[PDB]
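Next up: a single chain in structure tokens, the form deposited without this ligand.
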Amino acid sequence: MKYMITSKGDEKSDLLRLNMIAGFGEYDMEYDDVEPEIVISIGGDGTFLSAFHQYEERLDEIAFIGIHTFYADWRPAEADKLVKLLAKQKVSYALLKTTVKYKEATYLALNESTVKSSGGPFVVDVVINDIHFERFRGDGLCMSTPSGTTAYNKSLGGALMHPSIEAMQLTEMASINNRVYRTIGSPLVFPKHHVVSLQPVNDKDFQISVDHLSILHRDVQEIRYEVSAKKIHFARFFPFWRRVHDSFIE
């Protein structure tokens, strides 16, 4: 192997990183931060996203694994058998591309991307595959990956989607939905190659969040959403619906 480990950086988390590196030392396993084929996240789903956002350019040859103190398969007490089996089953999840135009900037998301007004009222035209769909006025829009559907998407009333489905899901944040600004209400699930284009009507300043990161963009001409060609790969040793059950039902 070539591998590496990220850690949340607290008390318990650093030790497992040291133990596992020491555990991998007994095997044909080489540590490297530059070209890992295996990335191990130790901490939480919040920790996993930083590991993902660190290796956006090597999503093509990396399988990720999470250790939890929805992306973490193992518990800390199972780390040692993880090292051995890992010394000895890849599944891919879809990702979301966000393009902002002003030189265009592009972002990749594992959970979602959201758009709000800079401070005034948020009003944009929603254009799907070059055809106008609605003129939205409200708090904002949230575009989610399938894996992201259990997060903010869920709070906005979106559908929970099995992460094997290649799609992106759009949810409204507080639409006014009156006869001037008539909107669909329902979440919309898009297949690959569909482009959702957000076009401003008056104000051009927007707070755009991509996973944890929120950035103010000035003088936006367009925000474009589509399912990415890139995918994230997990090393698997996965009952999505039971995890849903354990997290929400109880």
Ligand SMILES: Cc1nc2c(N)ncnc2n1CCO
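In this text, residue numbers run from 1 along the sequence as written.
The same protein also has a form deposited with this ligand bound, omitted here; what follows describes it.
Discussion item. Does this ligand, in the deposited bound form, lie within 4.5 angstroms of each residue among 100, 199 and 208, using heavy atoms as the measure?
Written reply: Checked in the deposited bound form: no contact with this ligand for any of the three.
Worksheet item: Tell me which of 188-196, 221-229, 44-52, 24-32 has residues with heavy atoms within 4.5 angstroms of this ligand in the deposited bound form?
Response: Heavy atoms within 4.5 Å of this ligand in the deposited bound form occur in 44-52.
Discussion item. With the partner left out here, check for me: in the deposited bound form, does some heavy atom of residue 151 sit within 4.5 Å of this ligand?
Written reply: Yes.
Discussion item. Even though the partner isn't displayed, in the deposited bound form is residue 212 close enough to this ligand, meaning a heavy atom within 4.5 Å?
Written reply: The answer is yes: residue 212 has a heavy atom within 4.5 Å of this ligand.
Worksheet item: Counting only non-hydrogen atoms and a 4.5 angstroms cut-off, does residue 169 reach this ligand in the deposited bound form?
Response: So residue 169 does not count as contacting this ligand.
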